[PDB]
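One structure coming up, written as C-alpha cells, with questions to follow.
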Amino acid sequence: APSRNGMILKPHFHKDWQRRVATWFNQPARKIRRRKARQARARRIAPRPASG
Amino acid sequence: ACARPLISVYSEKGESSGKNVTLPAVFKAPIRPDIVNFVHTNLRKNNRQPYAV
Amino acid sequence: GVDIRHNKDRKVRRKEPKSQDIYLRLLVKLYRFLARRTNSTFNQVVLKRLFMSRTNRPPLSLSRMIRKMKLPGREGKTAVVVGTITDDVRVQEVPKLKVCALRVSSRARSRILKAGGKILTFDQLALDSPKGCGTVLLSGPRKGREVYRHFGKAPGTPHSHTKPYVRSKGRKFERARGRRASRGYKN
Amino acid sequence: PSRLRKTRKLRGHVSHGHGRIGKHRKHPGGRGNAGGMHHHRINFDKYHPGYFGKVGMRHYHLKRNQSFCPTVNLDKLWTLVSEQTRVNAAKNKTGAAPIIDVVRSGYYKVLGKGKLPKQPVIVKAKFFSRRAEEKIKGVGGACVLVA
Amino acid sequence: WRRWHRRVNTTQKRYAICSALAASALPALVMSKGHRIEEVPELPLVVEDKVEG
Amino acid sequence: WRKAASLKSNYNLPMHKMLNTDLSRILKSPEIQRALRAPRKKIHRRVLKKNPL
Amino acid sequence: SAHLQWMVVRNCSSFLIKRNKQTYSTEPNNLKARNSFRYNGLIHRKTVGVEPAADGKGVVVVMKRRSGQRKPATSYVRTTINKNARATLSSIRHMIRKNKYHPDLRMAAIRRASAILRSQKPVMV
RNA sequence: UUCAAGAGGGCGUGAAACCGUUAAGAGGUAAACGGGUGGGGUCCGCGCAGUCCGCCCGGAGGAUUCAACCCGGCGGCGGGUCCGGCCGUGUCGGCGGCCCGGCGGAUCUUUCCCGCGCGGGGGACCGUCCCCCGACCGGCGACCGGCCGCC
RNA sequence: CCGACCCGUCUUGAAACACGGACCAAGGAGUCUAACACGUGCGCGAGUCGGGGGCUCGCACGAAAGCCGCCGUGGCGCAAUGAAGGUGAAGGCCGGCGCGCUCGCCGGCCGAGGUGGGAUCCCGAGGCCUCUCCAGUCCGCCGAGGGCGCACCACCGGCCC
RNA sequence: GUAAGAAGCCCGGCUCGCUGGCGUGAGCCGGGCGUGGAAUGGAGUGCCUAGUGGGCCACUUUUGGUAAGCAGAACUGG
RNA sequence: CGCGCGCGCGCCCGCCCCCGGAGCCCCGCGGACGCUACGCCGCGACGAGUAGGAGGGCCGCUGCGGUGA
Ligand SMILES: [Mg+2]
Ligand SMILES: [Mg+2]
Ligand SMILES: [Mg+2]
Ligand SMILES: [Mg+2]
Ligand SMILES: [Mg+2]
Ligand SMILES: [Mg+2]
Ligand SMILES: [Mg+2]
Ligand SMILES: [Mg+2]
Ligand SMILES: [Mg+2]
Ligand SMILES: [Mg+2]
Ligand SMILES: [Mg+2]
Ligand SMILES: [Mg+2]
Ligand SMILES: [Mg+2]
Ligand SMILES: [Mg+2]
Ligand SMILES: [Mg+2]
Ligand SMILES: [Mg+2]
Ligand SMILES: [Mg+2]
Ligand SMILES: [Mg+2]
Ligand SMILES: [Mg+2]
Ligand SMILES: [Mg+2]
Ligand SMILES: [Mg+2]
C-alpha cells in the first residue's frame, strides 16, 4: 500500500535468503594466514624474488 | 600563526638541563569534545565480539 | 469564558543553536550583547543566522562575490558572510578583497591572500566595526539544491515541470502511458 | 538507541499508536506494488506517469564500453595544466601557443559551454563540437584531431 | 548478522587526535580528570632520551 | 600552519573559527564601550491600583 | 582561555557533585564552593583561596603568581597568619584592595575566614 | 555441639494469597469509596522554661602579649620616562641556506651524460620550507636583571 | 453530614438482562537486517569516499590502532536530449567589404540580459543638549530626500536537443 | 457576484511583417501629482505527516408512508 | 518657563581639589548578596479533552567505559 510521492522499489527477498547468509567475521584471520604463508614461501625460495 | 614558547628538558633526576625545545603547533589546535565523544563511542564498538541465541 | 483560539499562540522560530560546537556559542554570547545594547539591525540579522541550520547557510562562491562588489559604490567596503567560501576555477582574475566568514576553503584562502587580500573573523570584525558600518551582507542560493526540483505540483498533471523519483534513468522507466499521445494521453 | 524512540513513550497507551476503530492488521491493501490498474490507479497516474506500456527498440547484447565519451567544457580546460604554463604564455612573444591533450587527463570530446581568456592555445582531442571549434579560432588558436 | 561495526571518516579521527594532545596541556583539565599533579615542574613534561634503555 | 606533514601525504591542521576567545578582555575594551547605549538597571513592579473616587 | 576551559567543565568534572537538587564543587581554592565562572580556582590567571592551618592555629592564605603558568609546582604562594581576628581580617582586606587582586572576592574571603576562626576555638567548653 | 539450630538431614535467606492465636475497636438498610471535622490509641520531640542568637556603644571587674611608630631580612603586585636584554610573531630591506638545506613542477636546456624515441642524476628557471641585520603595528597577557611606590 | 452503580472492550449509545474476570507470585506482546524519501548534527569541498587488498604486533587489551606511486580500478556527482542513428547549452556596442532585407564577410570594448518589489549598507541639506556671542574640529541620532541593491517571488527575453 | 485608488490619474516622446482614407491598438522610455466609507486585528509562504473514511439529535423548510423512538435530504448549532 | 540665573571662597579680579569616595536616590573609576548566561529578574494574557502528534523527565531496570584517594 503506497503513499504520497515516494519511489517504487523491487527488493529481491521473496526467496529463502536466510539459510544462506555469509559473515565476514573471519576477515582478519584470513589476512593473518596469508602473511605466514607469504613469508614462508619467500624463505623457501631464499634469494629468488618473492613476487615471482 | 600564534605563539610557540620554549619548553625545558628535565634530566632523569629532575635537574632541568639546558636543552630547550619550542613546542609544536599541535598544542594550539582547537579543542572540541563533541568530536572526541563521537569518535570514541563509534570506535569503541568495533572491538565487540558478537552474541546470539 | 473567552472565545479565542490557542492553535497559533506559540511561534516556531529558533532561540539558540541546536549544536554543542562551543566556538559557535561564544560568538552567540557576543552578538546577543551587541544586539541587546546597540541601536542597529545588522547585529540582529547576524544573530538570527548563527542559529540557522546548514541548508539555511549554503556556500558562497568566489565568483558571485566579485560580481556583487564590482558594482558601483561598493569600493573599499567589507564583504560579510555567515557561511563558507568556496573556489570557482572558472575565474582567473582575483582582485583585492576583505572577506569575513566562518569557514574558508584552502584553495580559496591562498588566492585571496596572494592578490593582497585579507581574511577576517567575526571577533576581529566587532573590534573594527561593532555596528556594521562599511559592510555588505551576502547570501548563497538557498534553492540550489536538487531537492527543490521534486517539489511543487505533482507530475502526472498539466503544466508541471516537476522531476519525479526514479531508480534509474533510461528507456523503460517512464516514457509511456502518460507521456505519449500514442499511448493513452499526455498531460 | 532504544531510549530515544517512541515505543518507550507508548507504554500505558493501549494501542501503541495505531487506532481503535481501525487496527494494525496484517496486509490490508495488498502486498507490494499490487494494484496499479485496480485500486491504486491514482497514485500511479499521478506520481508515476510512464510506468505501464512499452516503447523503443531492443539491443540484445549491449556492451557499455563501446559507447564511452567523457565530456568537458572550455572553462574547465586551463585546469588540466599547471600555472607555469598559462603565465609563461602571453610572454616572450614568440607565438608560444601551448599544447593541451585531453586524452591524457581522461576526456575525449570538447564542448563549447563557456568562454575563455585571450591566448592562442592549441588543443588535441578525438572529437569536437561546432561552437567549440569556432570560439578557439575566434581567440586565435587551432584544433587538432587524433585517433 | 546484526550490524556491530562502524566506519568513520579519516579526517575526523586525525582531528580528534590533535585535540586530545592540546588539552593534555592546560593543567585545569588534567586536574578535573582527577590526576594529582600539583608538584611536577612543567606540564608538557619532557625528559632525556636515555630512558629508552 | 605554514608547511604540511611530510609523513601523511596530505594533512594540514584544522583552522580556527574564532581566534581570540578572551571575551571579557574584548567587551571591556574602549572601542565597543563607546558604541553602546546606556544600560537600564531600574526595576519596575506591579503597581496596585487604588480607587480615585 | 577561561571560557574555553569553562565550556568543557560545566557538567563533566571529577570535583562535581549533583544530588538533592543542589550543585557543589570541591576544587581547591573555591570560595562559596559552587559551580560557577566567578568562583573557580583552576580557570583564572588570578585567584585567591583560604584554608585552615595544619598544625591547628590560624588561617592559610593562597595567591597565584601570574608569571609562570603551566608549571603548577611554583605557581602558588602561601602565607599563614595567626592573630586576634580583627588584625587577621584587616590584613586580608589590605592585600586584595591595595593590589587589586581579583577584588570581587573580598567579603567571600572574610566570611570563610571568620567561619574557620569561630570553629578553631573551644566551640565546646 | 556451634557465633548461629530464630542453620536440625528436600536443613541459605524466607514474600504474597490463605489460616491459628493474642491486643484494641466496632456491629439491624451487603461491603468498600471521596471531601470535611471530631474522638481514641501507638510513637517523635517538649523541657520535667522554650525563653533563641549575633554585631557595635556605655558600665563595673580583673589579665597577659602585641600592634602605633622606627630599623633589619624575605616574599609578592603594579608601572612606565618603553631603563638595558631576550623572545615572539608580519610583511618588508639584504636573496641573503635556495649549490654553503630540501620538496615539487604538463617551464626549458632534450646546451649534458647514464643504457640506448626515450627511463633516471645533472644546468638553469618558477614556487615552496630558511640565514643577517633594521623597523612597527597586535609588544599583545611571550621572560628576565633593573629603579620606583604599595602590601 | 453531603456525595457516590464494577474495571477492560466493541459501539451512535453500556450500571446493563452484551462478552472476559474466584484469589496470589513469576513470565508475557511493536523487533533485526536491506532499500528509499525528507529533517537535524559533524567533516572536506567541484570534488568526496578505501568499505576490497597490502605494510607494520608477537595480538594480554585488540580479532583493535596507525599507514599506502594502492590515493582512486571504481561508485555518486559535475550536461542534457532523442525509439534510435547521433547532436550537444552568451551575448551585444562601434568602425571596414554587399542594399539594417526580422540577411553573409575584416578590427577593438564590455559582458551571464532586463522590468517591479525588496532585510541591510551609502551620501546628506538643516540640526536635537550645548551658563552668552561668533569661529568651530571630533562624535551619535535625527531627517527631508536620493542612490548601490543579497537571497526569493511574478513577468519579459535569450541559449541546447 | 463586482467596486470603493500609487498595480491610480496626467504630460511628452519612441518601436511594430499587426490594422489602415489620414488612422487605430499594444508595448518601451522620461517626468508631475499621496490620507480616498465604517468598525477589527501582526500577515505570508514551503516541506514531512498521523488517526479517520459505520454516524446521531433539535428548531425551521422538506420527499415516500395511515403513522412511527420509521426510511432519505437542505440550514445552523450540539 | 521662577526648586537656582551669577552659588561659595580669598582679594569687579582670580580660585573654580573634589566622589581611592559625594551624600542621598545618579555618580560616564567598577562591581549584584544574581553572573551554574543551558543563568537570574520583570511585566501582561491564558489553562476542557477521546483517536492521535510533539516535548521535558535529578522517574525507574540490567550491563560497558571513565570517575568518586
Ligand atoms: Mg513518504
Ligand atoms: Mg484547546
Ligand atoms: Mg499549532
Ligand atoms: Mg491518548
Ligand atoms: Mg501512528
Ligand atoms: Mg485494539
Ligand atoms: Mg471501520
Ligand atoms: Mg545467623
Ligand atoms: Mg542460617
Ligand atoms: Mg530455611
Ligand atoms: Mg493476625
Ligand atoms: Mg466511537
Ligand atoms: Mg448496536
Ligand atoms: Mg462499560
Ligand atoms: Mg436491560
Ligand atoms: Mg465477541
Ligand atoms: Mg466467567
Ligand atoms: Mg513480572
Ligand atoms: Mg542529510
Ligand atoms: Mg490522509
Ligand atoms: Mg489541556
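If you take each beta carbon of peptide E:9-15 and count the beta carbons of other chains within 10 angstrom, what is the mean?
4
How big is segment C:45-187 in terms of Cα radius of gyration and Dmax, in angstroms?
In order Rg, Dmax, the Cα atoms of segment C:45-187 give 21.9, 70 Å.
Can you work out D for segment G:43-125 in µm² s⁻¹ from Stokes-Einstein, where Rh is the Kirkwood radius over C-alpha pairs, the temperature is 4 °C and the viscosity is 1.567 mPa s?
The diffusion coefficient I find is 94 µm²/s.
Next question. Quick one: which of C:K114/D:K124; C:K48/C:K98; C:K118/F:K17 span more than 27 angstrom between C-alpha atoms? Show your work: numbers first, answer last.
Values: C:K114/D:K124 32 Å; C:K48/C:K98 23 Å; C:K118/F:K17 15 Å.
From the list (C:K114/D:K124; C:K48/C:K98; C:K118/F:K17), the Cα-Cα distance tops 27 Å for C:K114/D:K124.
I'd like the distance separating the alpha-carbon centroids of segment G:96-125 and chain B, in whole Å.
If you average the Cα positions of each part, the centres end up 40 Å apart.
How tilted is helix B:33-43 with respect to the longest principal axis of chain B? Cα atoms for both, answer in degrees (0 to 90, nearest 10).
Between the helix axis and the principal axis of chain B, the angle is about 50 degrees.
For chain G, compute the number of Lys pairs whose alpha carbons are separated by less than 18 Å, excluding pairs fewer than 8 positions apart on the same chain.
12
Can you tell me the FRET efficiency between E:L45 and B:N37 if r is taken as the Cβ-Cβ distance and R0 is 30 Å, rounded to the nearest 0.05?
Between E:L45 and B:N37 the formula returns 0.70.
Sticking with this one: When the Kirkwood radius is taken over all Cα pairs of the protein assembly as shown, what Stokes-Einstein diffusion coefficient follows at 25 °C and 0.890 mPa s, in µm²/s?
71
While we're here: Cα axis of helix G:106-119 to longest principal axis of chain G: angle in degrees, 0 to 90, nearest 10?
Approximately 50 degrees, to the nearest ten.
So how do C:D128, E:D49, B:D34 line up by other beta-carbon neighbours within 10 Å, fewest first? Walk me through the numbers before you get to the answer.
Working: C:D128 15, E:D49 8, B:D34 12.
Listing C:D128, E:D49, B:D34 from fewest to most nearby Cβ atoms yields E:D49, B:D34, C:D128.
Moving on to the next point. Which whole-number percentage describes the relative contact order of chain B, with Cα contacts under 8 Å and a sequence gap of 6 or more?
Across chain B, relative contact order equals 25 percent.
In whole Å, what is the distance between the alpha-carbon centres of segment G:1-72 and segment F:9-53?
26
Within chain E, report the trypsin sites (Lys or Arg not before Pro) that DSSP leaves as loop and that have at most 15 other Cβ atoms within 10 Å.
Answer in residue order: E:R2, E:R3, E:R6, E:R7, E:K33, E:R36, E:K50.
Given all pairs of different Cα atoms, what value in angstroms does the Kirkwood hydrodynamic radius of segment G:1-87 take?
14.7
Now for a separate question. What does the average come to when, for each residue of peptide D:34-47, you count the partner chain Cβ atoms lying within 10 Å of its Cβ?
4
Arranged from highest to lowest average of other beta-carbon atoms within 10 Å per residue, in what order do the peptides D:117-127, F:27-37, D:63-73 appear? Provide the component values of the computation, followed by the final result.
Values: D:117-127: 16.0, F:27-37: 12.5, D:63-73: 9.8.
Per-residue mean Cβ counts within 10 Å order the peptides as D:117-127, F:27-37, D:63-73.
Shifting gears a bit: In sequence order, what are the phi-derived ³J(HN,Hα) couplings for segment D:103-117 according to the Karplus relation 6.51 cos²θ - 1.76 cosθ + 1.60 with θ = phi - 60°, rounded to whole Hz, with x for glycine and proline?
5, 6, 8, x, 8, 10, 9, 10, 10, x, 6, x, 10, 6, x
Another question, if that's okay. When the distances between all Cα atoms of segment C:96-149 are binned every 5 Å from zero, what whole-number percent does each bin get?
4, 14, 22, 19, 18, 11, 7, 4, 0
At a 10 angstrom cut-off on C-beta neighbours, averaged per residue, how do the peptides C:157-170, C:79-92 rank from highest to lowest?
Taking the mean over residues of other Cβ atoms within 10 Å, the ranking is C:79-92, C:157-170.
Here's something else I'd like to know. Place a +1 charge on the Cβ of each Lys and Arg in segment D:8-147 and a -1 charge on the Cβ of each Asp and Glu, then give the dipole magnitude about the Cα centre in debye, rounded to the nearest 20.
Magnitude of the dipole: close to 900 debye.
A further question on this structure: If one takes the longest principal axis of the Cα atoms in chain C, at what angle in degrees, from 0 to 90 and to the nearest 10, does the Cα axis of helix C:22-37 lie?
For helix C:22-37, the angle is close to 70 degrees.
Rounding to the nearest 20 debye, state how big the charge dipole of segment C:5-63 is about its Cα centre with +1 on each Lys and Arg Cβ and -1 on each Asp and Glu Cβ.
340
Check G:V59: other-chain or 5+ apart residues with amide H under 5 Å from its amide H, H built from backbone geometry?
G:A53, G:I81
Moving on to the next point. Can you compute the modelled spin-label distance between B:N46 and C:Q44, with each label point 7 Å from Cα toward Cβ, in nm?
It works out to 5.0 nm between the two label points.
Then there's this: Counting other beta carbons within 10 Å of each residue's own, what order do C:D123, C:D21 fall into, fewest first? Let's see the in-between values first.
Details: C:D123 20, C:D21 13.
Sorted ascending by nearby Cβ count, the order is C:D21, C:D123.
Ok, one more. Enumerate the amide H contacts of B:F27 below 5 Å, restricted to partners 5 or more residues apart or on another chain; note that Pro and chain-start residues carry no placed amide H.
Result for B:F27 returns nothing.
About the Cα centre of chain B, what is the dipole size in debye to 20, counting +1 per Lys and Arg Cβ and -1 per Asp and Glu Cβ, all else neutral?
With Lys and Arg at +1 and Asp and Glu at -1, about 200 debye.
If you consider only alpha-carbon coordinates, what radius of gyration and Dmax does segment C:17-95 have, in Å?
Considering segment C:17-95 through its Cα atoms, Rg and Dmax are 15.4, 44 Å.
Shifting gears a bit: Arrange the following residues from fewest to most other Cβ atoms within 10 Å of their Cβ: G:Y101, D:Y60, G:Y39.
On the way: G:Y101 15, D:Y60 4, G:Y39 20.
Final ranking by Cβ density, sparse to dense: D:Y60, G:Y101, G:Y39.
Quick query: amide H of C:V104 versus all other amide H atoms, modeled in the peptide plane; which residues come in under 5 Å with a sequence gap of 5 or more or a different chain?
Result for C:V104 returns C:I85.
Oh, and also: When DSSP assigns beta bridges and you keep just the ones with both residues in chain C, what percent turn out antiparallel, to the nearest 5?
15
Kirkwood Rh over Cα pairs of segment C:1-57 into Stokes-Einstein at 10 °C, 1.306 mPa s: D in µm²/s? Don't jump to the answer; show the numbers that get you there.
Details: Rh = 13.4 Å.
So the translational diffusion coefficient is about 118 µm²/s.
Right, another one. 7 Å from Cα along Cα→Cβ at both D:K109 and A:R19: what's the point-to-point distance in nm?
Going by the 7 Å Cα→Cβ label model, 5.1 nm.
Taking Cα atoms of segment C:122-187, Rg/Rh with Kirkwood Rh, to two decimals?
1.41
Considering chain D, what Rg and Dmax in Å follow from its alpha-carbon atoms?
30.3, 88
Follow-up. I need the per residue convex hull volume for chain A, using only the alpha carbons, in cubic angstrom as a whole number.
Working: hull volume 10.1 nm³, N = 52.
Taking the convex hull of the Cα positions in chain A, it is 194 Å³ per residue.
Read-outs throughout are calculated quantities, based only on the coordinates presented, and are distinct from any laboratory measurement. Every residue, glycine among them, receives a Cβ derived from its backbone with ideal geometry; neighbour counts consider all protein chains shown.
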